[PDB]
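# Geometric and topological summary
Chain residues, written in single-letter form:
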Amino acid sequence: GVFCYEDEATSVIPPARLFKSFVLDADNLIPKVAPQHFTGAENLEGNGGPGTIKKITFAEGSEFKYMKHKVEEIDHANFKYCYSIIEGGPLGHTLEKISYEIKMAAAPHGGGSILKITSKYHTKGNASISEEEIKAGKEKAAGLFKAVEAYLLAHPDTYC
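Conventions and cut-offs
Residues numbered from 1 in each chain as written, not as in the entry; some residues may be left out. Heavy atoms only, no water. Core = buried A, V, L, I, M, F, W, Y, C linked by side-chain atoms within 4.5 Å. Buried < 20%, exposed > 50% of the residue type's maximum accessible area, 1.4 Å probe, protein only. Helix = DSSP H or I, 4+ residues; strand = E, 2+ residues; numbered from the N terminus. Contact = heavy atoms within 4.5 Å. 1 Å grid on protein atoms, 1.4 Å probe; cavity = no way out; pocket = protein on both sides within 12 Å on 5 of 7 lines; lining within 4 Å. Points joined across faces, edges and corners; volume = space filled by probe spheres on them. Nonpolar A, V, L, I, M, F, W, Y, C, P; charged D, E, K, R; others polar. Salt bridge = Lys/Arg side-chain N within 4 Å of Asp/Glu carboxyl O.

Structure determination for the deposited model, as stated in its record, used solution NMR.

Dropping the structure here:
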C-alpha cells in the first residue's frame, strides 16, 4: 500500500495564507523556487477546489515530466490539504501514486504558523519501491520544500 514520510517547518505568517499556497499552487510551488523540476501543472478539469485534476508537465529548458495530478481533499477547518500524482512516465510502472498531505497550524506561542508536509508513496504490489529509494524520492522534494521556505525567509512579506 503506502510508505509515509514527514517534515515539519514554520512560517512567520499566520496559517491560512500559507494554506492557499499549497491548495492553489502545491504542484507549481517547487517550480516557484526551481522550475528545473517541472514547468508546474495546468488544470484539466474541475473549478479549482476539491477534486480538481491537473497535468504536471515539462521542465525549465526540457520536456521531461508528464504526470496526471488530482486534488484529493481540502480539510479547511483543520487546514489540511491532500493532492496526488496519479503516476506517469518514469515512476509509473513500479508506483501507483505519489500522494502528499500538507498541514498548517498556528505556532503554539509563535503567532505565525507550523507547516507539516507528509509524502506517501503508493506502490504496485508486485513491483514495490525499495525503502532507500523512497527516502531518496522524499528527500528530493524535501530539499525543494526547504528551498521555497528559504526564499520566504528572504522575503517574509510573500506567502511563497
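## Observations regarding the nonpolar core
A general feature of soluble globular proteins is that nonpolar side chains tend to end up buried together. Among the nonpolar cores identified, the biggest contains 33 residues, and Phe22, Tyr81, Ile98, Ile102 and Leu115 are the most heavily contacted of them. Of all the secondary-structure elements, those providing two or more residues to this core are α1 (15-23), α2 (26-33), β4 (62-75), β5 (80-85), β6 (95-106), β7 (113-123) and α3 (131-154). The residues touching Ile102, leaving out its near neighbours within four places in the chain, are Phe19, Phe22, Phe79, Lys80, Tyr81, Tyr83, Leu115, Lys116 and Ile117.

## Comments concerning empty space enclosed by the protein
Scanning all chains against the criterion turns up two cavities of 30 Å³ or more. The computed volume of the largest cavity comes to approximately 130 Å³. In terms of residue class, the lining of the largest cavity is made up of seven nonpolar, one polar and seven charged. The computed volume of the second largest cavity comes to approximately 110 Å³.

## Some thoughts on the pattern of salt bridges
Across all of its chains, the model carries eleven salt bridges by this definition. Between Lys54 and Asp27 there is a salt bridge whose closest N-O contact spans 2.7 Å. Separated by 27 residues along the polypeptide, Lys54 in strand β3 (residues 53-59) and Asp27 in helix α2 bring together distant segments of the chain. We classify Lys54 as buried; its relative accessible area is 4%. A residue is classified by how much of its surface remains accessible, and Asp27, at 3% relative accessible area, is buried. One connected set of salt bridges, linked through shared partners, spans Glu6, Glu8 and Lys116.

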